[PDB]
RNA sequence: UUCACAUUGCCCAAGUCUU
RNA sequence: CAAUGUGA
Ligand SMILES: [Mg+2]
Ligand SMILES: [Mg+2]
Ligand SMILES: [Mg+2]
């Protein structure tokens, strides 16, 4: 239960399309290359500090040693020809404007054995060899540019992309080495992120405070100003000799004091310095408990410090405006980068005789046929998606819900959302509900204005007790408000009542499209079936009972230290497949492995049997958001968790488990080669484009599938990787199955970018995160209850 | 909080050392 | 899901 299956075959389905991928072929020599371990003392040093130490050491000891190594920034060094070593250590003493370095060889890396693994000759790809190659390609840019993850950022030359607040956009590129069916590939993609301007602190103060210039004013800052500035620069580094800021003094430099005495005076006396701006305070740097101080005038923000904090609304707006790029525009920016990059020239890439193609790799994809969507009513109409989109005009829900009892609760101000507005909104919504098959048969049995989160629970309690057979509460919200989270806390977890919130602006001015999409959510929440896949058009897997599981963990934002990660798992409850149920848990901070999966799957198998009266013969498990580096760890725990659930249920119940990891967030981009193939304004590849050759895995079962219409920017083709498959799918069937599952998403008449089960799992997790707002053993149980839905909500699609 | 797509935020990675 | 855009 620990090795992924081989690729069973290649797909044959769909018309072919010519594509270019942001992969660049690598020509690698077959040689033994020599790996050395390293030790640098002290070893609490930053990665970049260590690189310097090796850099000098290499030029200092050039005679009788090293007479062009690469270095991974910690303890691994690679050379193209052997050193004067053996397994003998060599204790070296290096100096840099006081370090000791150990160099003990470890092994030989065979680039020969890598040609084999890329062939059918060898079963496995040797990670240690791929690791080496990565260090080679990364060595130069890790010192020229500023690394962030697997990317590299630098201030663009001649361009300034200021964000305000003392920030600006830096442009960069992702870089990674990947084996493939064809060759080694250099994956390159352009990116941008926020950095702090290396301007004087004085100018940094200005932009943060919105001064046109300093001297406005020459009075000491208001505490409102001194605090806001404290928030911006604390934790940043500054140079005079670099230092990190840990505090901003309360008193001006003229009257701030320390035991050797005014800050102004020490610079006046010791350093011959009279300060232009005594009225302003001082940065406290170094150790918080020690008493070092610097005035702002003698300090610069040191370059290369990424902005870890969230951008403001306007900074975000600016950032997007800068990096927004249609697919051709994006294809051209990667291309220009690679020609410019001059990978071949790099002297370290040369030491290892590596050659990189300057042109994007050509790959042949296939564009799969969309499934037909069956509707109900008397029409029993069939929708046919064109380019990943269809519509509901002249169509009714497969199983529409008749709404007899419902209510409206308006938390928008009466002045702003009038009874006319609500009445007109009710008129149109009823018109669209009729055209849609989910007839709202009469006016609401209750319609009252309210205010504040305080009125929610009593209102909803009154409703539940007063109106028998109450199906729905429509809730009008003024905009962004804590009432929403409250409405859902009470509705989902406290009273178990269906609610549908609507922004006030979408009530004041309705449209047929918005109301149609709104009915999609309502009908589902009330137990309806919007549509189903054309039964006779489904893959053979449906000939027997099968459950489709979607799973996902959602972790806390950057910089957060204590919030839990939220695991969510959903399972199909019919043979369509359309109706899903959901389980959800809180678990350890930033743990990807779903800890309580067995319990979650058991719940779903039980409810599947209660809904369908079948026991699944197969389990198709779509698992979102696991990266290659976590495949084995995740699969081991979660495959065994699914078996565990099955085994503790009955007998020998051993359905076939297919384990698929879905990755939407990678750096593979696909482009149309021929301009006549590009779709829409964004110029993206068409919905259904499938790639399972050339750029994919050399031995294992994986494929790219872009299942959605690209509206804007460059589409992300979702990657699927089969980690386990008891059911022995062919490439065709699984690719078609995955694609058809993208058309079973109930919130829109579109093919979405990942399978509905996986998509729902996101919605579920995000809803759990909403139940926990401002609430995040005894700690665990408190949160565990916050995300536990009512008994009456368990079997619903409340998350729609 | 009508909805999708796109940018960022999420596991891996990255990150952390005389006033 | 939140912020920000493109769209229906
Ligand atoms: Mg995730
Ligand atoms: Mg780590
Ligand atoms: Mg949005």
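Chain A is numbered as in Swiss-Prot, which gives 22-88, 91-120, 127-269, 277-296, 306-821, 836-859 for the residues shown.
Method of determination (from the header): X-ray crystallography, 2.8 Å.
Using the three backbone atoms N, Cα and C, a Cβ is placed for every residue, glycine included.
Residues or ranges marked as divalent metal cation binding site by Swiss-Prot on the basis of a curator's inference: A:597, A:669, A:807. Listed in sequence order, A:612, A:613, A:668, A:669, A:670, A:803, A:806, A:807, A:810 are the same-chain residues at least 6 apart in sequence whose CB falls under 8 Å from the CB of residue A:597 (divalent metal cation binding site).
Look at Swiss-Prot and you will find A:517-818 tagged as domain 'Piwi', backed by sequence analysis.
According to DSSP, residue A:700 (4-hydroxyproline) is assigned to coil rather than to any helix or strand. With a cut-off of 8 Å between CB atoms and residues at least 6 apart in sequence, the same chain places A:660, A:661, A:662, A:663, A:664, A:691, A:771 near residue A:700 (4-hydroxyproline), listed in sequence order. The annotation 4-hydroxyproline is assigned in Swiss-Prot to A:700.
Among the features that Swiss-Prot reports, region 'Interaction with guide RNA' is placed at A:311-316 (among others). For the region 'Interaction with guide RNA' (A:311-316), the list of distant contacts is 289, 294, 296, 340, 343: same-chain residues at least six beyond its ends, Cβ to Cβ under 8 Å.
Swiss-Prot lists A:524-566 (among others) with the feature region 'Interaction with guide RNA'.
Residues annotated as region 'Interaction with GW182 family members' in Swiss-Prot: A:587-590 (among others).
Swiss-Prot lists A:650-660 (among others) with the feature region 'Interaction with GW182 family members'. Long-range contacts of the region 'Interaction with GW182 family members' (A:650-660) within the same chain: residues 590, 592, 616-620, 624, 626, 690-691, 694-695, 698, 700, 854, each at least 6 residues beyond the stretch ends and with a Cβ under 8 Å from a Cβ of the stretch.
DSSP states for the region 'Interaction with guide RNA' (A:753-761), grouped as helix (H, G, I), strand (E, B) and coil, give 0 helix, 0 strand, 9 coil. Under the heading region 'Interaction with guide RNA', Swiss-Prot lists A:753-761 (among others).
Positions annotated as region 'Interaction with guide RNA' by Swiss-Prot: A:790-812 (among others).
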Site of maximum Cβ density within 10 Å, from binding-site residues A:669, A:807: A:669
Contact between the region 'Interaction with guide RNA' (A:524-566) and the region 'Interaction with guide RNA' (A:790-812) (3 or more Cβ pairs under 8 Å, separation 6+): yes
Additional residues surrounding divalent metal cation, by Cβ distance to the A:597, A:669, A:807 centre under 8 Å: A:595, A:596, A:598, A:599, A:613, A:670, A:707, A:799, A:803, A:804, A:806, A:810
Helix, strand and coil totals (DSSP H, G, I; E, B; other) for the region 'Interaction with guide RNA' (A:790-812): 12 helix, 1 strand, 10 coil
Cα-Cα distance in Å between residue A:88 and residue A:91, where 2 residues go unmodelled: 8
Tertiary contacts of the region 'Interaction with guide RNA' (A:790-812), as residues 6+ beyond its ends and Cβ separation under 8 Å: 415, 418, 428, 430, 433-437, 533, 537, 562, 565-566, 569, 575, 593-599, 611-617, 623, 625, 627, 629, 667-669, 707, 709, 732-733, 751-754, 760-761, 763, 783-784, 856-859
